[PDB]
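Colleague: Take a look at this one; I'll ask things after.
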Amino acid sequence: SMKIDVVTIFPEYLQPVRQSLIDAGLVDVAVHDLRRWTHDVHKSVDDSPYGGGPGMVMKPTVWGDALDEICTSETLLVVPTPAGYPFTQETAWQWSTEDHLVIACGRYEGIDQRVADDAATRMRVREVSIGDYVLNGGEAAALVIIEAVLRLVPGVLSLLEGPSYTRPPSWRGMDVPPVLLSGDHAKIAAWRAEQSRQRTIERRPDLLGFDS
Amino acid sequence: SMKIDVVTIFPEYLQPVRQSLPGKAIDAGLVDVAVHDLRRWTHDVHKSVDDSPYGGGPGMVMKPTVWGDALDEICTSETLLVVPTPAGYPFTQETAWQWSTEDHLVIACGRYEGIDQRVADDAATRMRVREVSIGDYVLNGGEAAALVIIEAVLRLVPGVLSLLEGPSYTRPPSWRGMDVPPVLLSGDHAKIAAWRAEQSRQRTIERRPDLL
Ligand SMILES: COc1ccc(-c2cc(N)[nH]n2)cc1
Ligand SMILES: COc1ccc(-c2cc(N)[nH]n2)cc1
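Here is the structure:
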């Protein structure tokens, strides 16, 4: 059993998770509007940065009140950010056995650093990046993290994968590799091992300890 | 002026994209995103999109005949065909900048174990094809990756909407016992810039030593 809470100023962006990645009852996912923890009539969640810079920063006060209500000492607080530790398959396996994830989604130029720092005095906190590109906010990263983690949960139970094929054996004058039709398990395993190592050196040489 | 077509068996998953697009950019004709149900191009009464893998293995493979008809209708010679896959070349910020000046992106979203390799190989004989990964984790299908790519590319198109960045702060100057670093309130802007550079250097050493 896992519970996931997502906090955001754009709750509508999280609807793609509504169609189960939940239907079984293994996991429960809930989405919260950050603005519900404001108190002024304009529901202001942002202010200009100290020390200069472009754009706006999310205020710590509103975030602190939201996390106070949602989190406990058992919670793993997840904060997507381009400046984070890398989120990898290893991370996904680690988080797949957690009881409670809370994902805090930033907008504007980001969240006041004291939010994560205050939270770390009460619970475990992980600032993470899902890849070396920049988004407008954390919501799409939240969807990626939820999908990668939930598929590993017990109950929903290196090198690059090579190419796959299915019927018909000839299509537009292009043939499925004959070894794959041969029924020879040893030869098929060897061919697939070689396609994978060939794809890896071409596309991801870093995975085998080479440059670029 | 960019057109994006997305092809998927789960069209509702791409809901956040159309919802995040400002009317002004659509009205100005800067961007158009369209989502297509792959089952529109199936041949049989059961609307089949998958079949068993040649050479054996777990799961299923998406049929080349269905995908071939879909891409024949949607793509032209000027199309950049994007195929998300864990076995792809890395999608990075430089990729996003490159794709931001394209006239037509088509994103082919896989499910099951992937798409028969002859689909991409045939398409590459008449248009540019890019198989790409958005990070070193595995998803159930390409839809969440399509959301990430669309957001990272379109935020670089005007008006559509090295080292790691250090921490950001805003009001109040003191919160839950934590003060904003006094240098940021000093009015010494050369010193502030040097402080930010050192914060960035330390964060990069701790979280991303690969960047150094
Ligand atoms: C403003 O709030 C955010 C939160 C997260 C991101 C992000 C994370 C990654 N790997 N790319 N972009 C950007 C902005
Ligand atoms: C079966 O269709 C897909 C398509 C893409 C993926 C993917 C891409 C990345 N970076 N992780 N997972 C998985 C399955």
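Protein sequences appear in the order of chains B and A.
Those letters in the first sequence? Residues 0 to 20, 25 to 160, 177 to 231, per the deposited numbering, in order.
Those letters in the second sequence? Residues 0 to 160, 177 to 227, per the deposited numbering, in order.
We treat Cβ as the ideally placed atom computed from N, Cα and C, and that holds for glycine.
#1: Of all Cβ atoms in chain B, is any one closer than 8 Å to the Cβ of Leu179/A?
#2: I want to see whether chain A comes within less than 8 Å of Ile220/B, judged by CB atoms only; does it?
#3: If you reduce the DSSP assignment to three classes, tell me which class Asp203/B lands in.
#4: Using the beta-carbon of each residue, which ones in chain A are nearer than 7 Å to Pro63/B?
#5: With a CB to CB cut of under 7 Å and the five nearest residues on each side skipped, what residues in its chain are close to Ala95/A?
#6: Exposed or buried, what is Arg17/B when buried is set at 16 or more other beta-carbons lying within 10 Å of its beta-carbon?
#7: Would you give the residue range spanned by the beta strand (DSSP E) that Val152/A belongs to?
#8: Residues near ligand 1, CB to any non-hydrogen atom under 7 Å, in chain order?
#9: Can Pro15/A and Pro15/B be called in contact, C-beta distance under 8 Å?
#10: Report the rounded CA-to-CA distance for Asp194/B versus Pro188/B, giving the unit in angstroms.
#11: Beta-carbon of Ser76/B versus every beta-carbon of chain A: anything under 8 Å?
#12: Any chance you could list the alpha helix (DSSP H) runs of at least 4 consecutive residues sitting entirely within the stretch 66-118 of chain A, in chain order?
#13: Take the Cβ of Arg191/B as the centre, count every other Cβ of all protein chains shown within 10 Å, and call the residue buried at 16 or more, exposed below.
#14: Starting from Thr91/A, find everything on chain B with Cβ-Cβ shorter than 9 Å and list it in chain order.
#15: Where does the unbroken beta strand (DSSP E) through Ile3/A begin, and where does it stop?
#16: In the structure shown, what three-state DSSP assignment does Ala123/B receive?
#17: Are the C-beta of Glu112/A and some C-beta of chain B separated by less than 8 Å?
#18: When you check each C-beta in the stretch 34-61 of chain B against every C-beta of chain A, which residues fall closer than 9 Å?
#19: Look up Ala27/B in the DSSP assignment and say whether it is helix, strand or coil.
Modeller: Inspection of the coordinates gives the following:
#1: yes
#2: no
#3: coil
#4: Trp190
#5: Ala151, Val152 and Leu155
#6: exposed
#7: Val152/A -> not in any beta strand (DSSP E); alpha helix (DSSP H) instead, spanning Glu142 to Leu153.
#8: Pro83/B, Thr84/B, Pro85/B, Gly87/B, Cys108/B, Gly109/B, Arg110/B, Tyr111/B, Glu112/B, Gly113/B, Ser132/B, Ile133/B, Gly134/B, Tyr136/B, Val137/B, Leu138/B, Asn139/B, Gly140/B, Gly141/B and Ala144/B
#9: yes
#10: 6 Å
#11: no
#12: 92-98
#13: exposed
#14: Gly134, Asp135 and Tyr136
#15: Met1 to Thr7
#16: coil
#17: yes
#18: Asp49, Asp50, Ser51, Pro52, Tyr53, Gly54, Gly55, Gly56, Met59, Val60 and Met61
#19: coil
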